[PDB]
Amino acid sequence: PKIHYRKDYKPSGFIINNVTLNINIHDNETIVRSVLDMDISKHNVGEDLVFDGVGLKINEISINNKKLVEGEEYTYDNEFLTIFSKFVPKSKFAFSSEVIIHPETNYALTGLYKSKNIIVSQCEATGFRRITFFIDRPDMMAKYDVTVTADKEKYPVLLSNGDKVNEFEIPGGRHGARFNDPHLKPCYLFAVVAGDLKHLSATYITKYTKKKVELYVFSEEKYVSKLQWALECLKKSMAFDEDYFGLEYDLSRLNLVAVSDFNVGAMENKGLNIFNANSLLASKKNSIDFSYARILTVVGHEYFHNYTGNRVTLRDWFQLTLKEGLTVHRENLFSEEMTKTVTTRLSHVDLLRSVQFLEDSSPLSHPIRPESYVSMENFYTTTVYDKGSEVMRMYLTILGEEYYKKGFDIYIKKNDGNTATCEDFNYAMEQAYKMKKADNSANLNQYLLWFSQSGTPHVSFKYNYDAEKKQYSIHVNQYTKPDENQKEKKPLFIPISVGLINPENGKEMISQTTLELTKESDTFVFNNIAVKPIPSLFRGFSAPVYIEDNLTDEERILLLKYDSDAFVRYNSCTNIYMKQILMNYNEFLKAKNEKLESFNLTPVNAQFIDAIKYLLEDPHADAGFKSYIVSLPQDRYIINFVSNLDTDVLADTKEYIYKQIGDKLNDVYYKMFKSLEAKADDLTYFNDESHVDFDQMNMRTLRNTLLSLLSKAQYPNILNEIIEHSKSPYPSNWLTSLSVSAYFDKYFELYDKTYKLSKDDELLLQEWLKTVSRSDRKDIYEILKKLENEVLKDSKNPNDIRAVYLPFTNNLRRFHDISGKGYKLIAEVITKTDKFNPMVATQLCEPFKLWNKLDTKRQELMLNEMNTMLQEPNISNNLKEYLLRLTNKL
């Protein structure tokens, strides 16, 4: 396979200054005429001029109006257009091509494609080359003049990046519109849309310069009623970037557009952000609660890219984390501000420590700045995004807000209108660090190891208290396991936010402080510590690491009850659960492997259970927080701690723990489920798509979590509650009713009731699919076949395929059926999907990432299906690279 290496970056021998496009859409073809105003750079050595261009049908090629001919002046192999150097001019020249493409048959959803009745593009990362010829790499920055033409009745709204400078009629019922985007950009930010779209709009006035900006949000007509919250979220995002970062929008208009068929969440094309409809559209009668947070985060994310990605872009794709890590960090700061709920930060931590930690202990492990790739599209990973965001957040922790803002402004201004690298960011942050330390010899050179070193550090602690001296020490060690990327791992710069809690009264003993660990080990000593404390470590999850607190369960309970920091309280609970899970898992495993007739199980700590009850009964404690403490850690977190994991033993472990706790708490759970109803399900704001009460949402989450627990338990007469819950106006509630009814004979009645409620809204039907797929049913395989035959059928919509299959792959007992039948079903889907959408097929591989963590029979089953997939003729490069890497062949 063809391998790109970070070290081999070199600037191009060519420059593309202007791009003038005419995109003429017809029913059975799209013609793209393109003039590139080009020149030779200072790096040119008289090389052949080689353009990327994939799957293009050439009508004509010329340079300075001289037609070039195949075999004589150029070659084209359906991937690269090579213009022989004799025919490449030595100063400014005009390159002209006209090609034919077919959006109507583009089911890969990259390049120019049709999504229902909308024509849309997706160019990041390598899609622009499927539209026209280009030197398709992000350092080739140019200005764009785009004309779109189409049939007027079918495609009345025509959009491209930037200012609409003309609109015109064309004979034969056609029309055109011309766009000028004044801002230099890489081709990955080009976009066009053509459709019968409806809109909402508003005018936004910028905070500092008072620029009037016209904000438009677009969808198909059926769903125009679902646009308002996105528009509100865009206004919020703009105000946030003004308020925190001092950054104003830079065009007279910003359009956001929803499309039904989209490979991921959304895309930041300049002035023309394009979204999966599931990440832009909601209404309170037709969407679950989680849609609202999802739209907030995705609108925010694309908006924040306007500076971190667009106004400052990437030198090369190895720098991906510089825009994605940084933008996710911005998106998270925004989300935390807008929701004002502690569960927001906790959700980010949960995502990292489950999926990203698994990735980082897998054969796919990479640093946030990879050293090589075959398909760049396989490095849009939770590592690059979520670990990257934690790396970007650690700068804020280290510097504090004021000096963080100073550093960020150095970066964004210095590199405006240009490309940048991860080093440029580190350099800006290092200038701020020098200022903060008031020491021009302070440096962040060690910090760069967070970009280059793969794997998750493990940080462990030992404590000592000297009562006579009132002096406390925290001894800290860090270790990162060697891997395929580095045989020797170096210590990182790890910021450890800490507090100290007095166990006798629950109060804070020090001003919070941030320990700067830079060696493999260090001892931090505190004076004037009046009694032996319990330490509150890694507050806010201050570095992306495995934490070994070396606390007793009694100490963890005291932090859970009394500490101030939500992450520490949550992590203390997580740790109590993990100790229990690992102990019961080992008990069950030994019993199974030794074929014992009788054995013991370690009970769940009774004082921990008492602590859960105390928290749940505190009417002044946070409902979202409560929902985190009654839930065991996710399976993808637990697996990071077990080698040769037997999934059936784990399922039995989790069931035992849950049942131990419910046997004590179910009456508490029931009382709370009823008491919370009035506030949870109050209809304030039910008609207001500009305002969400995230606290009330967390109350519904808690009710729905409790209802699940009580349903699994078969708590007496709970079916009555489930049936009432199905009548609630909130989709979060009535879909919960279907999930929790899995444990009762009423499940198929609720399956039909909820289907009827869901079937007339595309996105609600997809949420219904997910609810069915995740249902804890012994007959889940027969239900999946029913979904395939009755609902999914031949759909090529990635949201339908993902909705049917992904939730089911998280069913620990059933997906990992020891027959292998789960692995086989998903591998058949992956292979089917790969023949038309390789990016989605690779997404569907997710469950296999943990293969080498399983017991050896399951490892063998998964490996056999991965190798079967690899044998498939015409396997995509995306899938083949992914699977070769995952199975330790690449």
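Note that residue numbering follows the sequence shown and begins at 1.
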When the C-alpha temperature factors are averaged for each of 648 to 656 and 401 to 409, which stretch ends up with the higher value in the entry? 401 to 409
Do the C-alpha atoms of 748 to 756 or of 473 to 481 have the higher average B factor in the entry? 748 to 756
Looking at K143, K489, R393, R700, which has the biggest Cα B factor in the entry? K489
Whose C-alpha has the highest temperature factor in the PDB entry: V630, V120, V312, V374? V374
Chain-relative C-alpha B factor for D136 (record values, thirds): the lowest
Chain third (lowest, middle, highest) by recorded CA B-factor, residue given as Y427: highest
Here the Cα B-factor of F815, set against its chain, lands in the third termed middle
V45 - which third its CA temperature factor falls in, relative to the rest of the chain: highest
Ranked against its chain, the third holding the CA B-factor of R569: lowest
